[PDB]
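One structure below.
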RNA sequence: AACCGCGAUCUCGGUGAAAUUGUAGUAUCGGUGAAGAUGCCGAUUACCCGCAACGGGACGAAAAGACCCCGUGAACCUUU
RNA sequence: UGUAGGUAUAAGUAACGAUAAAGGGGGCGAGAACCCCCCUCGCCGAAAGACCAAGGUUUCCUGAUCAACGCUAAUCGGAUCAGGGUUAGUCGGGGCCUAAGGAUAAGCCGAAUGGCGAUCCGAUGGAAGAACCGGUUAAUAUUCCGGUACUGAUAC
RNA sequence: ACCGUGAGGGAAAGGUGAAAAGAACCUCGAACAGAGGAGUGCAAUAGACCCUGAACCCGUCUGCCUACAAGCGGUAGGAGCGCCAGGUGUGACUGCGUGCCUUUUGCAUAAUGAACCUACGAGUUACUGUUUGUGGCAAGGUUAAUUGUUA
RNA sequence: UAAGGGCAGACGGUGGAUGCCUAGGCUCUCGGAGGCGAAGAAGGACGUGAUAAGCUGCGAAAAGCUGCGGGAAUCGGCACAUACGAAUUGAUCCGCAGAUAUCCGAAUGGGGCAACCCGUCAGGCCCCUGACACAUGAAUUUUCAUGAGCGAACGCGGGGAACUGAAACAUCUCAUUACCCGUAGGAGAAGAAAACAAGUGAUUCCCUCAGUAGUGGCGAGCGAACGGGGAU
Ligand SMILES: [K+]
Ligand SMILES: [K+]
Ligand SMILES: [K+]
Ligand SMILES: [K+]
Ligand SMILES: [K+]
Ligand SMILES: [K+]
Ligand SMILES: [K+]
Ligand SMILES: [Mg+2]
Ligand SMILES: [Mg+2]
Ligand SMILES: [Mg+2]
Ligand SMILES: [Mg+2]
Ligand SMILES: [Mg+2]
Ligand SMILES: [Mg+2]
Ligand SMILES: [Mg+2]
Ligand SMILES: [Mg+2]
Ligand SMILES: [Mg+2]
Ligand SMILES: [Mg+2]
Ligand SMILES: [Mg+2]
Ligand SMILES: [Mg+2]
Ligand SMILES: [Mg+2]
Ligand SMILES: [Mg+2]
Ligand SMILES: [Mg+2]
Ligand SMILES: [Mg+2]
Ligand SMILES: [Mg+2]
Ligand SMILES: [Mg+2]
Ligand SMILES: [Mg+2]
Ligand SMILES: [Mg+2]
Ligand SMILES: [Mg+2]
Ligand SMILES: [Mg+2]
Ligand SMILES: [Mg+2]
Ligand SMILES: [Mg+2]
Ligand SMILES: [Mg+2]
Ligand SMILES: [Mg+2]
Ligand SMILES: [Mg+2]
Ligand SMILES: [Mg+2]
Ligand SMILES: [Mg+2]
Ligand SMILES: [Mg+2]
Ligand SMILES: [Mg+2]
Ligand SMILES: [Mg+2]
Ligand SMILES: [Mg+2]
Ligand SMILES: [Mg+2]
Ligand SMILES: [Mg+2]
Ligand SMILES: [Mg+2]
Ligand SMILES: [Mg+2]
Ligand SMILES: [Mg+2]
Ligand SMILES: [Mg+2]
Ligand code: NA
Ligand code: NA
Ligand code: NA
Ligand code: NA
Ligand code: NA
Ligand code: NA
């Protein structure tokens, strides 16, 4: 339930091309590494070897109305880089 | 030259923070007045 | 130091009498049939006094 | 509030440029109290070739519902409607001009 | 019907005028007016040369406005203009909306800066 | 006192404030006058419009004089 | 010397913020003194180079944009919009300890609100349980990878 | 929003059209930057800052005057010229004329005050007295609080 | 000859006056109601949409979940959106009753720079997560009940100015006002004669008595009661 979406980007594509056991997810900001490992294992039926995390504060943005400007903000999130055991894989395109 | 405002987050919170206001009867008076006026920023704790 | 009075529209316009944009000194170059500044290179053909000065490919 | 017309009803325009013309109701905008009557109140819209090639498109614009009256099934005329529970305990619309149940 | 009749009269009148307009040009009306006074009343081809080689910055926009006016004349008369046929029969520069800015001055004072705009109108016609 | 260099200055292109401001086609002299006149009187002088330069006047601008007096004003200080 | 808004006058005037300084050739572009590349010139060099902390908070990198902002213009920007970007058992902090001081217990004082008063809180100090070498991105690296190691708990 | 360490202080900002029908397409231009068209619409000089659209302030055109002339800029006379049938614009030349407010014995005053325009801005209300104009009753006049009916 | 200038008319520009318009204020009337909170408040933080959330709603069940009643064709909140779905086997919506309801905050397991850090005991998982319990103080006999905090005015109580007026000022006035603090209720306070008076018969409020009796550097000012008429 803590996994929100995966990370698709040029950096993640290069990382997966160079490793093939490394994937990225956007998770809830308050989940720890053990919780992330358990959620990933339950969701994909794999063996997780390592989890790296970084916390991202949401970007401040400008909401434009007819009158003028309102200062707003995007939601904060946490990035989880998950490395699996050798030979394992996860498919994002399938299903 | 040195100006009057020399920022320090620790001093700012120790002097004007929410817990500093709640620790005193007159600080709670300030909080009640600000709530009655309807301020969106109750204390310096609300700012970032 | 300070104007004792504001200037009237008449006084302002009278001073502005001599404010004018300058007309450029234009020659015709009857061969190419278009304007250019006298004593400069004709920028279209690249000629000057009937000689190719600047060649553009 | 329940309106005096509905989608699929035959209505007559009683006020405006299309006064005296009947048609079918295609959609009802309840908040604005307007309705689209098929074939009536045509407008020309200048549509950019964005699409998905542009051009001038003819389409129906909505009419205020106080300008529309249900067509009487007997005489084919605009009329005010009422409501009664004659249909097996259910409220139905009927035409005050004749009495027949609106359907 | 009153406003419809008035509009029809005005629409008929506009068919015999050949003009172009530049609106909300973000530059000084006075400096633009210098160029306008330079080219008022002048034959169109000479005016185009003068504006092309003028030493004022506003002449560049005036040149494109003049070209637009000549094109409007050509479309409304349904033919191309000949040599020396058209001349700048009217030209005016009006002031437009001002942007207001603040500039700091010594000892804590703040002064207002005005960034002015102008409109330009050009009418061409034949030297009849 | 002379000369020299650069920056400012002057001219051109671009951008573009401020203090000040009853309206002004705002000359000089001597008179007059709330007693020191661009503006009144009598004379005199003076074609229309700029630019550079200087500060005699506009009792030039600035902050409702701090000196002085006044108010049954105020504050602070002293003391038998 | 009234108030708000708008617009004048002075005026196309003062000024464009250190006198370290610029010249040329190519590129791109509708547009170039100023943008990008090259050559030459000049300035700092116990700094005007390189780091840590406070403070700031996305300003970082890329693609579009040149309206406004940038004391000029701009194709450029710390500007606008969108997307991306911060990876730790060993680095820093916290978890542990106490100083000034603060909050309190038993008690003391006091129209009220309360004022005091030895355990707790409280770093700017004391402990932390513990590495380096090399490579790699447009943007991270003692954190990712390849070696080489070490430390703490846990099941035999 | 902004300002302030903080307590706190504290704005400006409404209106297209009946309906978005919110301008397909063409022209000039690097570009809607902007405009001229076409089309929609009763109307676009209702085109997005959009109803009406004043003043100060800024322009263009047309008429008349103006480069030998000297003071609050008007006022009273008065040719010529120019427009449209006795009106209207201008004004050669002549006489007279030191703004206004306030404060003062007395101000052209070199005493005070104002850049200008639009908008805003200052003897009001209650109660109780008194005088008076006009009334009702009259050797009497008048109810207060409150109560009843329908309201 | 007009470089320029003056006046008038016409037509534009700027600017946003005026006219017209508005549910946004202001003052009231009548009838209710007069609290919310340890079963965790007021007020916030962070989240939550197919697509970023500025408001609104909602809370990991997150623009919503369940039941009963009403209703009958559209609905999926607003900031000039589309897609994609729901719905006559009755959506959406409306009334009533339920379910869920993160973190902070009296905040209550201990701390703390609000929205965080660290725990102990039992129980279910495997370093680490999910559901409990774990504050204090007056009553009660470990159990039980109450309290704490917030909040419009009106009530009661504890403290209590000054400018001002007296044409200075100290008694006096402003005023038992402003303000600070404590504490109730739908009202509160008062109330049933050791009373007023020179006959009445508990309190409270209204109209009079009356600017009267008194009081007072007898100055400025302050100012009743008995009686009578009512509400009850
Ligand atoms: K980390
Ligand atoms: K003054
Ligand atoms: K209109
Ligand atoms: K209208
Ligand atoms: K106008
Ligand atoms: K005259
Ligand atoms: K003076
Ligand atoms: Mg000049
Ligand atoms: Mg400009
Ligand atoms: Mg140039
Ligand atoms: Mg400064
Ligand atoms: Mg000079
Ligand atoms: Mg210049
Ligand atoms: Mg004299
Ligand atoms: Mg004299
Ligand atoms: Mg004078
Ligand atoms: Mg002076
Ligand atoms: Mg004085
Ligand atoms: Mg002044
Ligand atoms: Mg000057
Ligand atoms: Mg300067
Ligand atoms: Mg200069
Ligand atoms: Mg350095
Ligand atoms: Mg950058
Ligand atoms: Mg770029
Ligand atoms: Mg610029
Ligand atoms: Mg950028
Ligand atoms: Mg300790
Ligand atoms: Mg870096
Ligand atoms: Mg552009
Ligand atoms: Mg109109
Ligand atoms: Mg308008
Ligand atoms: Mg002479
Ligand atoms: Mg003459
Ligand atoms: Mg005197
Ligand atoms: Mg006099
Ligand atoms: Mg005076
Ligand atoms: Mg003055
Ligand atoms: Mg004066
Ligand atoms: Mg005035
Ligand atoms: Mg005024
Ligand atoms: Mg003229
Ligand atoms: Mg006008
Ligand atoms: Mg749940
Ligand atoms: Mg606690
Ligand atoms: Mg006194
Ligand atoms: Na640093
Ligand atoms: Na920091
Ligand atoms: Na157009
Ligand atoms: Na002034
Ligand atoms: Na002239
Ligand atoms: Na706690």
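Chains as they are written, first to last, in the authors' numbering: chain W, 2 to 96; chain 6, 1 to 48; chain 4, 2 to 58; chain X, 2 to 53, 56 to 106; chain V, 3 to 130. All C-beta atoms, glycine included, are put in the ideal place defined by N, C-alpha and C.
Taking 9 angstroms as the threshold, the shortest C-beta distance from residue 10 (chain 4) to chain V does not fall below it. Residue pairing for residue 91 (chain V): DSSP places it in no beta bridge. Looking only at 21 (chain X), 49 (chain X) and 45 (chain X), the smallest Cα-Cα distance to residue 62 (chain X) is reached by 45 (chain X). A distance below 9 angstroms separates the beta carbons of residue 29 (chain V) and residue 60 (chain V).
Here residue 44 (chain X) carries a strand assignment [DSSP, helix/strand/coil]. Under the 9 angstroms criterion on CB atoms, residue 4 (chain 4) is classed as non-interfacial with respect to chain V. Minimum Cα-Cα distance from residue 125 (chain V) among the listed residues 84 (chain V), 114 (chain V), 81 (chain V) and 46 (chain V) corresponds to 46 (chain V).
When secondary structure is reduced to three states using DSSP, residue 88 (chain X) falls in the strand class.
Look at residue 52 (chain V): its C-beta is under 9 angstroms from a C-beta on chain 4. Neighbourhood of residue 40 (chain V) in chain 4, by CB distance below 8 angstroms: 21, 22 and 24, in chain order.
Considering only 96 (chain W), 83 (chain W) and 88 (chain W), the residue with the shortest C-alpha distance to residue 34 (chain W) is 83 (chain W).
Close to residue 37 (chain V), with beta-carbon spacing below 9 angstroms, are these residues of chain 4 in chain order: 22. Residue contact check for residue 17 (chain V) against chain 4: no CB pair falls below 9 angstroms. Non-local C-beta neighbours of residue 89 (chain W) in its own chain, meaning closer than 8 angstroms and more than five positions away in sequence, comprise 22, 47 and 48, ordered along the chain.
If you check the C-beta of residue 73 (chain W) against ligand 11, you find no heavy atom less than 8 angstroms away. Think of a sphere of 9 angstroms around the beta carbon of residue 57 (chain V): the chain 4 residues whose beta carbon falls inside it are 22, 23 and 25, in chain order. Straight-line spacing of the CA atoms in residue 32 (chain V) and residue 49 (chain X) works out to 40 angstroms. Nearest to residue 51 (chain W) by alpha-carbon distance, out of 42 (chain W), 57 (chain W) and 59 (chain W), is 42 (chain W). The Cβ atoms of residue 79 (chain W) and residue 30 (chain W) lie closer than 9 angstroms to each other. Look at residue 31 (chain 6) here: in three-state DSSP terms it is helix. Counting only unbroken stretches of 4 or more residues, the alpha helix (DSSP H) elements lying wholly within the segment 16-66 of chain V are 31-41 and 46-55, in sequence order. For the pair of segments examined, the segment 90-97 of chain X was found not to touch the segment 29-40 of chain X: the number of CB pairs separated by less than 8 angstroms stays below three. Distance between residue 48 (chain 4) and residue 90 (chain V), taken at the CA atoms: about 31 angstroms.
In the displayed model, residue 23 (chain 4) falls within coil according to three-state DSSP, outside both helix and strand. Sequence-distant Cβ neighbours of residue 37 (chain V) in its own chain, meaning closer than 6 angstroms and more than five residues away, are 58, 60, 61 and 64. Among the residues of the segment 29-46 of chain 4, those with a Cβ less than 7 angstroms away from any Cβ of chain V are 36 and 38, in the order of the chain. Residue 44 (chain 4) and residue 53 (chain V) have their alpha carbons spaced roughly 16 angstroms apart.
For the pair residue 40 (chain V) and residue 21 (chain 4), the CB atoms are nearer than the 9 angstroms cut-off. Check the Cα spacing between residue 25 (chain 4) and each of 35 (chain V), 110 (chain V), 51 (chain V) and 77 (chain V): the tightest is with 51 (chain V).
The criterion of a C-beta distance shorter than 9 angstroms is not satisfied by residue 22 (chain X) and residue 73 (chain X). Assignment of beta-bridge partners to residue 52 (chain W) by DSSP yields 83 (chain W). In terms of Cβ geometry, residue 81 (chain W) and residue 32 (chain W) form a close pair [threshold 9 angstroms]. CA-CA distance, residue 49 (chain V) to residue 9 (chain W), rounds to 60 angstroms.
The secondary-structure analysis by DSSP pairs residue 13 (chain X) across a beta bridge with 23 (chain X) and 72 (chain X).
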